[PDB]
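Some notes on the structure that comes next.
Because the Cβ atoms are built from the backbone with ideal geometry, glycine has one as well, and the counts that use them run over all protein chains shown. Readers should treat all values here as calculations from the given coordinates under stated rules, not as data from a laboratory.
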Amino acid sequence: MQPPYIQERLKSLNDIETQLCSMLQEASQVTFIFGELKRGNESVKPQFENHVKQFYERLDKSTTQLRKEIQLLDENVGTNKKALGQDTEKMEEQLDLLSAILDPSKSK
Amino acid sequence: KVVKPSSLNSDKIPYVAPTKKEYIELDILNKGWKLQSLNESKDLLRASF
């Protein structure tokens, strides 16, 4: 499996696009609510401020976190290799098989 | 081929005397079509989203 650092990096990226999807959804609801606000019912007027504020705060911190990720790219620089040992490990397992062949009491 | 072209010549006609009659209705009905455009704007944006 990959080293953990890459794991939380990909988790943060996934959070980033989920936040972008949430921003698009909230844009959909604010566009929806503005229609009836133009229609002329004032009951949903208080919800408009909350929706706008949450939309803007969702737009800002997502870009901020992505900026942090791109910054991490800046200092992460400088921080078949398996083949060099690959034959060796193959060697090992083959002899292990011979051991299983060599002992008739373990072939069950 | 239809005709030798000299067709359009400049001419003068006076502007019609204004009143309350037609501008207020023109602008409120423009308000109407733009409220329409807002409605289809919201609908198209909702469908796209």
*asked:* I need the full set of residues from segment A:46-94 which are of a type in the set (A, V, I, L, M), more than 26 Å from residue A:18 (Cβ to Cβ) and part of a helix (DSSP H, G or I), in order please.
replied: A:83, A:84, A:91
*When segment B:1-46 is examined, which residues are found to be of a type in the set (A, V, I, L, M, F, W, C) and over 19 Å from the mean Cα position of the chain (by Cα)?*
B:2, B:3, B:8, B:13, B:17, B:44, B:45
_Let me confirm something: among A:89, A:57, A:69, A:75, which residue is within 30 Å of residue A:28 (Cα to Cα), over 19 Å from the mean Cα position of the chain (by Cα) and not β-branched (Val, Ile, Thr)?_
A:57
*asked:* Suppose the filter is of a type in the set (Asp, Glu) and either in a helix (DSSP H, G or I) or in contact with a helix residue (DSSP H, G or I) (Cβ under 6 Å, 6 or more places away or on another chain) (or both); does residue A:42 pass it?
replied: no
*Do you know which residues across segment B:9-49 are part of a loop (DSSP other than H, G, I, E, B), more than 10 Å from chain A (Cβ to nearest Cβ) and not small (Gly, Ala, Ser)?*
B:9, B:11, B:12, B:13, B:14, B:15, B:16, B:18, B:19
*Within segment A:66-76, identify whether any single residue is in contact with a helix residue (DSSP H, G or I) (Cβ under 9 Å, 6 or more places away or on another chain) and within 14 Å of chain B (Cβ to nearest Cβ), and answer yes or no.*
no
*Hey, among the residues in segment A:17-57 that are among the β-branched types (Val, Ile, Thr) and closer than 23 Å to residue B:43 by Cβ, which one's farthest from the other protein chains (Cβ to nearest Cβ)?*
A:52
